[PDB]
Every structure is written in C-alpha cells, then in structure tokens.
C-alpha cells in the first residue's frame, strides 16, 4: 500500500519541518512537504499531537533480543529480531556475533546468508544489513563478557573464509589492533571496505594512532572493554575521544557508563562522529532470569545483565530508549538524535543513498515517536512493522 503520514514535525537531513506530510510509494519516500500532496494515498496516517518523524534507527552492534541471539544460527533467530526490533524504532541492524569456537561463528554467518537469501521474513521488519563480527580477534586482557577460552590473534585467512561463508555480509569487525600482527587484518578490511572497529583492546594511544593510518575507523562501545584514560597515557578511551579519525559507538543506557561520561562523548565527538548502539543480548524485552550469551550464563535483574562475577554482559537497552537518555544527558536537538540513531550509521555503512534520512528517493524506513522518544509507529521499506497502543 502507498502510504501518507499527515501533519507531523519531520526531522530531515538538515532541518525540522514543524508540520509536514510524507508520502510513500513502492517502498520509498516520494514526497516530503509542508503541504498536503495532490496524489491519492491508499492508507493515510494521522499523526498524534506532539509526535516527531525520525528516520528509522539503525543498530550496528546488537547480539540478540526477545529470546533470540545471532549465535543461535536458525531462521527463527532472525525472524524474531527482524519482527520485534521495529518496536524499539529500529528498521535496520547488523546481527552481531561473539567470540566463540570458529565453527560456531561459521554457523551464525551461513545462517544469516541463507535467511537473507530466502527472501521470506527478510523482506519484512528491520532489514538485516549484514553482520558485525565482534571477536574473536580481541585482547585476552579486555575480554569483558567475550568467552576467554576462544579469544585468538587475528587470522586473515580464517576471516577470508568467514566472509565467503557470510556471502559478503560482514560490514564491521571488532578487533584489538595489538592482536593484529602488522595490522594485516585491518589493512585487509580497509581494502574490502569493511569497517575495522577497535574494541576489547588494551592498546596504547600511539598504536591506535598507527591503526587509524592502516585503516581503522570505528571504536566499539566507547568506555567498555577498553584500556582506561590516564591523562599522561590516554589509552583507548582518550584516543577514542580526542582522535577525530574515529567514530565512536556508545551504549546510552546510563548503566554501561555514567550520564556525564555519555555527555563527554557527545562534547568530544560531536553529533556527526557518535553512533548510539544497544549491544543488547537475548534477554532484552523479556523478564528477569538467566540467559545464554556466548556460552555463558547471564543473570538479568532490572536493567543489568551480569556474569556470575558481576562483569556486565551485553545490555537490555531498547534503541529508542537510548535516544531518550542521550537527550536527557546532553539536551541535544532532534536533528542530533537523527544523526546518532540513524544518519551516521548509514553514512558509515555506505548506504546513505537509501537509509538514514527522511528524504525523497530513500527507503521508507521511518519511526513516529512522541516528544519523549516512545515508539508510536514504525515503517520498514514502506510497510507498517509496528503500531503501539495508540491505534486509530
């Protein structure tokens, strides 16, 4: 169905239209205007009072949620994340693996390749943009909740095998540069236009600066599983903040880091160099309990997911809720929200021609939210994928 969204504040690439209309046809945005379009629309949505139209949010680092985990390596896994992610305003994602035995990683990559290729559920809900390979090529000293017994130095031929198994779907790799001899895998990823994200790394600042020259461009979940900031040895944390060649992922749940630490990331990076993620695992959107994550038991109580030794282990964060917290932490604009939840991700993935802004020609991936970032309605490639309690 062609679709028209009526009388809403629209957050475009560069501005906020106070009251506008967006028309959608054959999956794409065909009209963005202050005035009702002439053309007829099959369904029309009358937007609630103080609502805001944002570009659909893009989560580049997310393991699971709603009982599912990428590592499970079934079609059901992705039917579920696909189906349910629109409820937190997410319209596309990178299914994220974890450090694990290489054959477990192979199964997850092949599953995703085949599920996307099936073109069944992969046409509906949040679009599987590909894979974020998180580990195993990380530091034994910054494992966090990555299974320690499966951590191994970078292996370019094994990755090459993984990327063939993935049918080219791997878009980002998280790795520790100091565990990558000669920046071999970093140099390989740069060659292949796969983002090299520095994470779970105990590297010093000098080495990170050299990695950026070899092609590193992202930092994985800023503050988490990183060598700390010392004012005379800034480590991963200080380089991620002060080095303008890195885009920084951030988990804005107010648990992975303090509100002032989230605010510092926004001050230091600016709204064009920061990408909110959930890093969520399978207990997101379920109840208290114990859940598998990377072969370990994670005990979820309240908003905190912990290993038995109290190590934080993924999040329980919904994407829209991250937006709300960042607005509280920094008083940023709706424009900045669109940036740090959608636009920056799209640009970094090289898909800004089709995602990441409310703009004519792009996929009609959109979220209607309240002034408080509650999700009201989500559209995915032109189909309504979620409608909240405010139906009618």
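Positions refer to the first chain, counted from 1.
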Of 187 to 195 and 168 to 176, the stretch with the higher mean C-alpha B-factor in the deposited entry is 187 to 195
For 342 to 350 versus 43 to 51, entry-based mean Cα B-factors point to 43 to 51
Listed options 301, 221, 218, 282: highest C-alpha B factor recorded at 301
The largest CA temperature factor among 234, 295, 86, 254 is found at 295
On the chain's distribution of Cα B-factors, residue 332 falls within the third called middle
Chain thirds by Cα B factor, record data; residue 274 belongs to the lowest
The third of the chain into which the C-alpha temperature factor of residue 152 falls is the middle
For residue 61, the third of its chain by CA B-factor is the lowest
Here the Cα B-factor of residue 33, set against its chain, lands in the third termed highest
